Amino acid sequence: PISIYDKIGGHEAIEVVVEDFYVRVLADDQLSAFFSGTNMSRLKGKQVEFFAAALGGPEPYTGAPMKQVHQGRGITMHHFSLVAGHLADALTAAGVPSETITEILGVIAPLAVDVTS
């Protein structure tokens, strides 16, 4: 078929989504402190890689596995819900059709919690 990545506009679309996503995440006073020690330019690059790779683009994901990145930080299920919500909101802002937003959340969310099955 066509990849989800291609369907939404390829690399540029991923960049747009990720930038808007991080605005929403870092604006959230329940989340922002988690990123106090983070190399943010590197993180955003890695997130573009993760999204692009997961949605079927040619970009390699060169980052770490999700469990090993996220563990030991005190991130709650509530925090995950907030993040997932900000992602859905960024895809909406970007103009992604709603059924494709659902598809993307369905690809990304399980991967974010180390399910690949």
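Numbers for residues come from their place in the sequence shown, where the first is 1.
Which is higher in the entry, the mean Cα B factor of 30-38 or that of 49-57?
Averaged over C-alpha atoms, the B-factors run higher in 30-38.
For the chain shown, is the CA B-factor of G95 in the lowest, middle or highest third of its modelled residues?
Highest third, going by the recorded CA B-factors of the chain.
Using the B-factors in the PDB entry, rank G63's C-alpha atom against the chain and give the third, lowest, middle or highest.
Lowest third.
Relative to the other modelled residues of the same chain, rank the CA B-factor of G106 and answer lowest, middle or highest third.
For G106, the deposited C-alpha B-factor lands in the middle third.
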